[PDB]
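Note sheet for the following structure.
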Amino acid sequence: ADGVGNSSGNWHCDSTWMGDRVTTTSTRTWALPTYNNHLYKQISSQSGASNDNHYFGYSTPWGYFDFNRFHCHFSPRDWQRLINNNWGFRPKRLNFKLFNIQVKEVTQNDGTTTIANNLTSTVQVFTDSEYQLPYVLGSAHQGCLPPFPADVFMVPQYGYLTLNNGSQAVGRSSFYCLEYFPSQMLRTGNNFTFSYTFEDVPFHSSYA
Amino acid sequence: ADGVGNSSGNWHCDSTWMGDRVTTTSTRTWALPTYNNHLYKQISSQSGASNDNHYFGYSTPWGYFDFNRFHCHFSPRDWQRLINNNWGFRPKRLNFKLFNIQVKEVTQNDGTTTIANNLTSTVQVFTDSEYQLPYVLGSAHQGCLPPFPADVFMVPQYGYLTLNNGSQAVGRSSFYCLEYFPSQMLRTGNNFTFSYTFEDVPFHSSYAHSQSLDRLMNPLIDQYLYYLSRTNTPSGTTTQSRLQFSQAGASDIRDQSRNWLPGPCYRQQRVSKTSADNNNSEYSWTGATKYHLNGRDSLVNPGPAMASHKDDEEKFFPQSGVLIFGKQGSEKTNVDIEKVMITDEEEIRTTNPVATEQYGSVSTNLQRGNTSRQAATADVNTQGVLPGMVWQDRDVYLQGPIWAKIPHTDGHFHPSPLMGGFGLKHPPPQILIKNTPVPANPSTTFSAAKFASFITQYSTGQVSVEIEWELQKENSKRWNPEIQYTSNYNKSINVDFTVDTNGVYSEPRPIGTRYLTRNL
Amino acid sequence: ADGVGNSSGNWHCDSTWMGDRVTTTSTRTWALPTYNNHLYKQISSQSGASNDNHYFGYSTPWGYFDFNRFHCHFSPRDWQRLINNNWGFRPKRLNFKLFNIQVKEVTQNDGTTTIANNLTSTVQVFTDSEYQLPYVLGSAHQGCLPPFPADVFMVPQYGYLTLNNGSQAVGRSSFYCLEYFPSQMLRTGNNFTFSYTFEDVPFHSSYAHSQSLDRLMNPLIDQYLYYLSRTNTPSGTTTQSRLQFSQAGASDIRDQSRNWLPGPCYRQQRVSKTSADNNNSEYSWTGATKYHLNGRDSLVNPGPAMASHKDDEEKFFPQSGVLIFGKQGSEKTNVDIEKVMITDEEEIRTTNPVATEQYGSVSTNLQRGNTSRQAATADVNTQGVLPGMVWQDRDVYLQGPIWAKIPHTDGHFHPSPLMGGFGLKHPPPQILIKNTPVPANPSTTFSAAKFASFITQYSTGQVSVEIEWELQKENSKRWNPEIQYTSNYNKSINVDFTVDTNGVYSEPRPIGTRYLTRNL
């Protein structure tokens, strides 16, 4: 879309209050490494663990973008404006964008770390809009968008757990390959976007 | 098309089931090196090889994209959905795409390997849609699209064989230069695509017959036809020749008059999975089933479709009559039986003769009374096609091949590939890809010698294969439940058809397609 | 439709010849009892039976209407009119009707059998037009429509066999409940009807070739091709190897170059109608021609179409290579030869090998001079289909079957039924009929046990079958008269194909169709 040298997006971090609506926008800089060396690895609880701590699952080479915390969208002044004046609030719709994607190639020769641009490499992005993957958001996991807009954050590694009989698996355990999903390939100059509408939910009781 | 920094394609790996159709799409990441250092090399069998192993051919600097295996398009869940619900399937059309092509230049200075982008280099891609090149697909060769979508695979090198008189060639031997074909040159940002339509082919028999060919009668009603049941009667204290005839019913069900015959046979030697049960000798070739062609013996493998074993003999399999797939990590030469998975063709024993047994018996003389000559019979170890013969083709497997090219010959009978799959007069064309040679620094003085120094480079990219399949929906009226493929509920260290703690994908067993049942 | 006292059909038994078509209509009176006491019973081979005789299946309370014999539609005069004037025929369409259905209730009190009408009971009739049930028609079973229109026949009980491992079943064995099909319920006054169209099938070869396959040349003109006629010449007082070639003419007519070969063969043992000529031993199975399927031997009967005997050997017939029909009043087990009528397939010896002889001879070694090795040959007792092979199918008979269902298999070669007739992928559907169970007096207290007491009853009615046949008119240009089927003028106690003083209808001999002649 923008090849090499044309920006594919702008920095939009702000909030607009219009009557009975507040629209919060946040922009962050993320870093995504290579996870598991491009491999899917079966993971399980260590031998000798207690029965309550036994688990079985899979670790994927993918990362995921988490913004399931209020500090990712509201500044402290925004929070004070929200909670001191409103009896309730609820989300309505969201818009998501990935842009200005740069792929960096890292080499190490004779103890020297050299980083150079890779203008032909891609990143695969897709949204699980059919909810066919285990939903690991909402478990209060680290790796969200940092509360301060100037902070740079690492993209957390995606992984899921399935049925386990101790440290082993059962026949009902499910395995998911994330490359079996249609994904969008983005070079430097390509951007990704999608829009989502929240279902009708009760207003949060922001009152005593 | 997309210069440097614009993607020329997307990752499409998925399947859509819509009524009587299933469309499977797969995307993989491939790596293509430089083969033969941009040269065509004449190849031949080594001196001292046996006559059966003699060959002559050419090795080309090109590679080819192979997706002639079901695991390249169907996930194990997709295969289970296909085989547990459909009485047949066949391919309809396919779409192919190469995109996100990156050419990498490799240099080596003072023992250091440095890889950098080459944004101006090209890769040459063309499809042999006129079938003017030797068709090497359909020979069960390695180098296909890996079954796991996350695996990266190397593009296999293309090569062909021609006529040979020993290790030498003859005047009729053909040489093919693949640069004499029009090819499309792709830089980083260019993509390649083409569409193909399969010819009309029979649906694969993804079912097992619930009736046997010798048990198609009504057991309650006798036949009105008579058969010779006795040839003598007690006379005095000796015997006297006397012909008698009976109508066949349930008690003598083997003598009933029938309209059909079991399919053709080409007997195989019987080997047992229990080692001690086998003969203590080297009989992999002396006892092997072979065909003779131009003075050379070739192994018949797997040969005509025949049942692996009869009832309650699952440990026995034909010596070269079944497909044998390797487990994950299996070597190439002389691996043990526990390292391989041997397929079973027992679902076709209803109509097809057992591979290791005779087709039947025929008379060899003329019996006569009083000198007297008693009737004699011989085993029929090889039986050609007879009128009224019915048979089932070999089953297809998830790891098995999909199609093969029917040889361009004046005559052929039932051109279903013997290894299993769909016989196509115009199969999906070979897709040839190679890196364009980039000459290194030339001499400032003109030299008529052809260039021998080139910049070392390889290419990487993504490949997409989308195939539409037509389904033959099951329409059974049986009352009791059917056999279905299923995962085992009991706990295990690893889940089947997943990755282990090393992230290594494995296929624990071969899965056929014949689980539902249909009447004969 | 017609309640009680109104007829729901008429008697239509006749044939109409109109140009290239003949429409035969037949009406019969049938009786249908209650089978298995309204129960489905699992059936299997008796313990102690041989492996070849093992089976497993189910017996159903339903009956079926069978008209798969030519005598059910053609009178002997109709057959003579068909076979003396036509070079071929094939079925085109059929119409079926059940009408005038009466349900009779049978009671037995103090040793007295009383039969009364049941005007409210029904009979369930349905046609298996989707072929979801095991097709038991075409196995030459008794219970067809009687050849004489005045005879009343019992409806045969329907039953099928499924997969068996010995006397037991396997997981792939299928069970079918015929009440899981939609059926039409008919009281007295209701009728059933359905129409069926035959698929396109080849005309039956109702002719005998007036030329032999080895005598197709011009006897007056020599061939321009040469054959090896001599292999040595007199040299001195000994012999010397020397190849010589000759052009074949009439004197060496056996050496002429030919374009075609006789049809395939599967050798049968030769038996003689003269008892003393046979070997004094029990060879009905040891010397029998068999095929091996899943570890069980089945008799090959009648097998591939082959000539019964050569010239001037009419007393010889293949052991299980011809259809054998029973004379009127013939028993079931071990009847004498005078109680049966053995058919003859001598009209096809022009193109088909004799059943009891070898197909030919082939070389088995490589002859060489000076150690020296002399040329050796072997008999070919079994010959598969070769390119250039021509053959004739088995003849059909008035008492013989008409059609058979081609098994649903991936492959089959020349799907003409081996017992004779027309191979149909979609044959006329099975027509299943049974009496609706009428429960007897129930208990005034509720019981969850299924009903085991029923009112004894049977049904009677009329059945009509009308088939349209297409004729292939003879267009011969031979000068001298042809062989025609005819009655014998000499006086006799009984007329052929009539009733005797007991009013018992009999068919004195089998009548084929191959009386007219056509050139090869």
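Per chain, numbering begins at 1; letters A, B, ... match sequence-line order.
Of all the listed residues (B/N370, B/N352, B/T377), the one sharing the greatest number of non-hydrogen pairs under 4.5 Å with chain C is B/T377. In terms of non-hydrogen atom pairs under 4.5 Å with chain C, the most contact-rich of B/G388, B/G384, B/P481 is B/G388. Across B/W479, B/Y515, B/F413, the residue that shares the most heavy-atom pairs under 4.5 angstrom with chain C is B/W479. Counting heavy-atom pairs under 4.5 Å between each of B/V362, B/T350, B/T351, B/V354 and chain C puts B/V362 at the top.
Relative to the six-membered ring of C/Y176, B/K477 misses at least one condition, a distance below 6.0 Å or an angle of at most 45° to the axis. Under the 6.0 Å distance and 45° angle rule, B/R254 does not count as a cation-pi partner of C/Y55. Within the cation-pi definition used here (under 6.0 Å to the ring centroid, within 45° of the axis), C/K339 does not qualify as a partner of B/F245.
When heavy atoms are compared at a cutoff of 4.5 Å, B/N365 approaches chain C by way of both its backbone and its side chain. At a 4.5 Å heavy-atom cutoff, the contact between B/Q211 and chain C is made by backbone and side-chain atoms alike. Only the side chain of B/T517 comes within contact range of chain C, with heavy atoms under 4.5 Å apart. For B/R215, the parts sitting under 4.5 Å from any heavy atom of chain C are the backbone and the side chain alike. If you measure heavy-atom distances from B/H209 to chain C, the contacts under 4.5 Å come from both the backbone and the side chain. With a 4.5 Å cut-off on non-hydrogen atoms, B/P353 touches chain C through its backbone and its side chain both. Contact annotation for B/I348: neither backbone nor side-chain heavy atoms come within less than 4.5 Å of a heavy atom of chain C. Looking at B/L220, only its side chain comes within 4.5 Å of chain C, counting heavy atoms on both sides. B/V385 touches chain C through backbone and side chain together, each having a heavy atom under 4.5 Å away. Contact annotation for B/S205: both backbone and side-chain heavy atoms come within less than 4.5 Å of a heavy atom of chain C. Interface residue B/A250: backbone and side-chain heavy atoms are both found under 4.5 Å from chain C. Proximity to chain C (any heavy atom under 4.5 Å) is shown, for B/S416, by neither the backbone nor the side chain. Both the backbone and the side chain of B/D312 come within contact range of chain C, each with at least one heavy atom under 4.5 Å from a heavy atom of that chain.
To the nearest 0.5 Å, the span separating CG on B/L216 from CG on C/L137 amounts to 12.5 Å. Expressed to the nearest 0.5 Å, how far OG of C/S298 lies from CD of B/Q256 amounts to 10.0 Å. For the atom pair C/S174 OG and B/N519 CG, the distance stands at 6.0 Å (nearest 0.5 Å).
Using bins of under 30°, 30° to 60° and over 60° for the plane-to-plane angle, the ring pair B/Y359/C/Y291 lands in the tilted bin.
A pairwise comparison of heavy atoms in C/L293 and B/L213 identifies CD2-CB, 4.0 Å as the closest pair. B/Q223 approaches C/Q142 most closely through the heavy-atom pair O-NE2, 3.6 Å. Across C/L161 and B/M217, no two heavy atoms sit closer than the pair CD1-SD, 3.7 Å.
Residues B/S257 and C/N301 have side chains that bring a donor and an acceptor to within less than 3.5 angstrom of each other. No hydrogens or angles considered: a donor-acceptor pair under 3.5 Å links the side chains of C/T382 and B/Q383. For the residue pair C/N278 / B/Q367, a side-chain donor-acceptor distance below 3.5 Å is found, with atom types taken as modelled. The closest side-chain donor-acceptor pair between B/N232 and C/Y283, if any, does not fall under 3.5 angstrom. Counting only N and O atoms by type, the side chains of C/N294 and B/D311 include a donor and acceptor under 3.5 Å apart. Residues C/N381 and B/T364 bring no donor and acceptor atom of their side chains to less than 3.5 Å of each other.
You'll find the side chain of B/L225 reaches within 4.5 Å of the side chain of C/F325, heavy atoms only. Counting only heavy atoms from C-beta outward, the side chains of B/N475 and C/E130 approach each other to under 4.5 Å. In this structure, the side chains of C/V271 and B/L243 come closer than 4.5 Å at one or more pairs of heavy atoms. A heavy-atom distance below 4.5 Å is not found between the side chains of C/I324 and B/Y227. Using a 4.5 Å heavy-atom threshold, the side chains of C/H292 and B/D379 count as separate.
Not a single salt bridge (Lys or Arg N to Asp or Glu O under 4.0 Å) links B/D255 to another residue, sequence neighbours left out. The salt bridge (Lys or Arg N to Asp or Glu O under 4.0 Å) test applied to B/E482 returns B/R478, not counting sequence neighbours.
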Self-check item: Candidate pair B/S246 and C/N334, rule side chain to side chain donor-acceptor pair (under 3.5 Å), full reasoning
Solution: CA-CA 5 Å; B/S246 299; C/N334 294 341; 3.2 Å; yes

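A salt bridge between C/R296 and B/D214 is present, with a side-chain N of the basic residue lying under 4.0 Å from a carboxylate O of the acidic one. Salt bridge absent: C/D277 and B/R373 never bring a charged side-chain N and a carboxylate O closer than 4.0 Å. Contact check on B/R242 versus C/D336 returns a salt bridge, with a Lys/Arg side-chain nitrogen under 4.0 Å from an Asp/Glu carboxylate oxygen.
For the side-chain contact (heavy atoms from CB on, under 4.5 Å) with B/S363, the lone residue among C/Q268, C/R270, C/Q269 that qualifies is C/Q269.
Between the side chain of B/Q392 and the backbone N or O of C/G411, no donor-acceptor pair lies under 3.5 Å. The closest donor-acceptor contact from the side chain of C/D297 to the backbone of B/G360 lies at 3.5 Å or more, if one exists at all.
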